[PDB]
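Protein chains in written order, with UniProt numbering: chain A, 110 to 149, 156 to 163; chain B, 111 to 447; chain C, 92 to 123, 142 to 211. Single-structure report; data block below.
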Amino acid sequence: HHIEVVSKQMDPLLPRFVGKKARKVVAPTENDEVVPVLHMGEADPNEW
Amino acid sequence: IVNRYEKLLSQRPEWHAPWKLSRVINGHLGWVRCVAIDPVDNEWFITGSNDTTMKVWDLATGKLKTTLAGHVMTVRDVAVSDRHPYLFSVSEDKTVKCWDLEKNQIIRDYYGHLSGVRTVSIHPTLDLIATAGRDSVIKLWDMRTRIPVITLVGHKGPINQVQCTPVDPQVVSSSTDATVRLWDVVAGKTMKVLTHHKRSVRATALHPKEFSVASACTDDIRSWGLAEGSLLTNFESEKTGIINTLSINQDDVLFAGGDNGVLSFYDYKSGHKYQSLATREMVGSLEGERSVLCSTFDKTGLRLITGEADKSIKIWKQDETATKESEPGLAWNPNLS
Amino acid sequence: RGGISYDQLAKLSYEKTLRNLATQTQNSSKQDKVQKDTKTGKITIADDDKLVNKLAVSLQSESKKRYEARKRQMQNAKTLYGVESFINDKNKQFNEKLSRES
Numbered sequence: 110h111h112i113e114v115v116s117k118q119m120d121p122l123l124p125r126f127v128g129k130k131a132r133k134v135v136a137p138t139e140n141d142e143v144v145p146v147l148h149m156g157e158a159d160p161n162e163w
Numbered sequence: 111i112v113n114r115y116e117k118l119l120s121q122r123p124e125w126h127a128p129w130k131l132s133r134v135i136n137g138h139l140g141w142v143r144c145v146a147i148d149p150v151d152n153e154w155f156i157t158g159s160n161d162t163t164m165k166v167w168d169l170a171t172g173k174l175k176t177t178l179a180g181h182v183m184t185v186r187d188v189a190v191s192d193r194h195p196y197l198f199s200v201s202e203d204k205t206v207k208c209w210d211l212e213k214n215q216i217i218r219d220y221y222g223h224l225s226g227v228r229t230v231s232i233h234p235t236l237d238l239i240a241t242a243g244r245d246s247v248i249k250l251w252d253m254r255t256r257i258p259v260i261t262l263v264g265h266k267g268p269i270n271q272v273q274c275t276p277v278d279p280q281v282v283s284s285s286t287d288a289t290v291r292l293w294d295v296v297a298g299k300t301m302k303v304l305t306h307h308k309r310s311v312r313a314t315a316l317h318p319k320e321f322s323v324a325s326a327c328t329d330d331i332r333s334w335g336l337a338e339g340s341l342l343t344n345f346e347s348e349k350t351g352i353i354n355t356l357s358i359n360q361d362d363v364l365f366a367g368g369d370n371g372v373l374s375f376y377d378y379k380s381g382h383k384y385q386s387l388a389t390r391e392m393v394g395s396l397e398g399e400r401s402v403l404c405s406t407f408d409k410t411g412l413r414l415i416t417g418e419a420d421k422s423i424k425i426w427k428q429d430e431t432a433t434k435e436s437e438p439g440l441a442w443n444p445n446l447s
Numbered sequence: 092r093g094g095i096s097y098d099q100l101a102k103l104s105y106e107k108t109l110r111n112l113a114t115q116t117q118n119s120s121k122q123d142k143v144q145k146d147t148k149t150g151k152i153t154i155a156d157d158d159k160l161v162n163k164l165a166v167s168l169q170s171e172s173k174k175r176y177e178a179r180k181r182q183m184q185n186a187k188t189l190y191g192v193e194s195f196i197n198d199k200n201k202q203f204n205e206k207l208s209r210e211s
């Protein structure tokens with residue numbers, strides 16, 4: 110069926126972006142893979 | 111694994127010459143947090159402070175040219191532009207302020223950090239700014255329209271040090287979660303993660319040529335190849351903690367400032383440490399106040415400029431006698447790791 | 092003298108549990142695989158229902174014991190030291206930390 114996309118001119122007085130409303134969102138963290146954290156006291160506490 | 115240890119005994123690396131202390135410049139009221147140098151003519155410094163000011167020192171004679179006020183709180187970072195006559199300073203006041211070098215008046219203020227902004231780096235070819243700080247995010251600022259174009263979600267803690275590169279990853283970042291990320295900005299997500307650091311990475315420096323970075327931590331200064339993101343080399347360090355800053359001469363000399371006041375010079379190729387110095391604190395100072403907050407080399411790389419916590423800037427010059435008579439430093443003996 | 096780093100300690104605990112386990116094995120002597146699907150790489154490992162129940166029971170039991178011994182040190186800890194004045198329990202505990210700092 111194809112398509113043709115055409116914009117509509119908004120009534121300048123009415124709000125453009127009728128749906129934009131300030132609201133807060135918590136985003137998920139999608140964790141695909143794990144990054145290995147790869148690094149290379157006894158008497159020390161008596162000092163520290 | 112011994113095969114590697116033989117392969118450390120063939121090279122006998124890279125002689126260089128020692129450094130020594132040319133000049134002492136007092137004149138800041140507070141600490142000296144950051145230093146940058148005119149990228150074109152090498153005629154001056156811009157030095158932050160803990161007194162909020164900026165004092166532009168002449169490199170030749172060390173005289174004080176001008177004072178740039180206008181921050182209410184301490185100035186953590188300062189960076190000067192190449193293609194532009196602009197100077198981007200940034201502070202703990204939550205603001206990145208532009209400076210027009212011509213008329214010396216604040217032009218633009220960039221807005222929207224949550225808290226103090228501890229790093230600015232000026233992307234070489236794009237007319238961008240890269241800012242970062244306790245936000246735990248990197249903001250790519252459009253220099254022209256003051257629009258925080260890109261925001262990079264990222265490290266799990268504050269971001270100490272940020273750099274810019276012309277090709278891929280265009281932003282390297284270092285954080286107190288003890289990681290270093292290599293960023294892909296167009297897609298806006300991490301290209302590569304480098305976790306090998308065991309504590310906060312407090313300083314990085316880009317090698318002017320080989321397209322690599324030198325990353326720091328408490329006791330271990332590593333290097334990293336950019337592009338692929340491999341480790342390249344290590345640098346031999348007993349406890350130097352803490353490493354405040356690094357600087358890379360064009361001769362492949364790798365400076366390391368200590369918080370114990372020791373100046374640890376390295377060769378970049380090897381990992382060898384050919385010199386370690388100790389600064390003299392000051393007339394009335396405390397032995398705690400002896401450390402190195404920032405440092406840089408000029409365009410040539412034959413002089414060194416280190417702001418110190420004792421309220422003084424010091425200028426370290428490379429000795430001209432040297433050669434083989436007696437240069438030799440610690441002489442390349444490496445203990446098993 | 093003294094403290095021990097978190098590795099050596101880990102090893103010691105590993106050995107301790109090895110001995111305990113070997114004792115379960117000996118007392119049990121006295122009283123007397143890997144398949145990966147072609148469709149998905151999901152691996153499956155055949156399990157004995159016994160020794161799994163024994164495992165859960167072991168963990169729970171040791172948790173109970175630790176919790177209880179620490180609880181007894183709770184009880185004696187507050188009943189032993191009556192010397193200095195204290196407003197509440199938490200004060201007395203803090204000042205016993207001050208006894209540890211000496």
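For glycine and all other residues, C-beta sits at the position ideal for the given N, C-alpha and C.
Alpha carbon of residue i to alpha carbon of residue j, nearest angstrom
i	j	result
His181/B	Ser374/B	33 Å
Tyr176/C	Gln182/C	10 Å
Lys130/B	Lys383/B	16 Å
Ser380/B	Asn113/B	17 Å
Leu168/C	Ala324/B	47 Å
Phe407/B	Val134/B	16 Å
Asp361/B	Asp148/B	19 Å
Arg125/A	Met253/B	29 Å
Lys207/B	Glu437/B	45 Å
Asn200/C	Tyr190/C	12 Å
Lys173/C	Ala315/B	54 Å
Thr162/B	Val303/B	35 Å
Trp125/B	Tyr378/B	11 Å
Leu103/C	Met392/B	51 Å
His223/B	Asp245/B	7 Å
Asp294/B	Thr433/B	44 Å
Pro145/A	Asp120/A	55 Å
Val127/A	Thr261/B	26 Å
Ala419/B	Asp369/B	9 Å
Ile154/C	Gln144/C	6 Å
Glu116/B	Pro444/B	12 Å
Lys163/C	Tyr105/C	18 Å
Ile358/B	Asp278/B	21 Å
Cβ separation of residue i and residue j, assumed to be a contact under 8 Å, to the nearest whole Å
i	j	result
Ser283/B	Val296/B	Wrong, their Cβ atoms sit about 16 Å apart, outside the cutoff.
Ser201/B	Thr184/B	6 Å
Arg413/B	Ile425/B	6 Å
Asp203/B	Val230/B	At roughly 13 Å, the Cβ-Cβ gap does not stay under 8 Å, so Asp203/B and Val230/B are not in contact.
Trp167/B	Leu403/B	15 Å between Cβ atoms; not a contact.
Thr328/B	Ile353/B	7 Å
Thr355/B	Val372/B	That belief does not hold up - the Cβ atoms of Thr355/B and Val372/B are roughly 13 Å apart, past 8 Å.
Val145/B	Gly367/B	Between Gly367/B and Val145/B the Cβ distance is about 11 Å, and since that is not below 8 Å, they are no contact.
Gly243/B	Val227/B	4 Å
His306/B	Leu341/B	7 Å
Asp210/B	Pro195/B	7 Å
Limits of the unbroken alpha helix (DSSP H) element including residue i
i	result
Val263/B	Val263/B -> no alpha helix (DSSP H), and no H or E assigned at all.
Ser170/C	161-189
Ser104/C	97-122
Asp159/A	159-162
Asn354/B	Unbroken run through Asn354/B is the beta strand (DSSP E), 353-358; no alpha helix (DSSP H).
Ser405/B	Neither: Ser405/B is in no alpha helix (DSSP H) and is coded neither H nor E.
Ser208/C	198-210
Cβ neighbour criterion (16 or more within 10 Å) applied to residue i
i	result
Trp251/B	buried
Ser208/C	exposed
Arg122/B	exposed
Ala240/B	buried
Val192/C	exposed
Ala158/A	exposed
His317/B	buried
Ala441/B	exposed
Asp146/C	exposed
Where the beta strand (DSSP E) through residue i begins and ends
i	result
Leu119/B	Counting along the chain, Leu119/B falls outside any beta strand (DSSP E), and DSSP gives it neither H nor E.
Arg332/B	332-335
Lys165/B	165-167
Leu147/A	That residue, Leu147/A, is in no beta strand (DSSP E); it is neither H nor E in DSSP.
residue 73/B	Past the boundaries of the shown model lies residue 73/B; chain B is included only from 111 to 447, so the question cannot be answered.
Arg413/B	413-418
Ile248/B	248-252
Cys144/B	Here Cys144/B belongs to no beta strand (DSSP E), and DSSP marks it neither H nor E.
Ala388/B	383-388
Cβ of residue i within 7 Å of any chain E Cβ
i	result
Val114/A	The question asks about chain E, but that chain is absent: this structure's protein chains are A, B and C.
Discussion item. Three Cβ pairs or more, each shorter than 8 Å: is that satisfied between the region 127-139 of chain A and the region 390-402 of chain B?
Written reply: no
Practice prompt. Check whether the region 110-126 of chain A touches the region 260-274 of chain B, counting contact only when three or more Cβ pairs, one atom from each stretch, lie closer than 8 Å.
Written response: no
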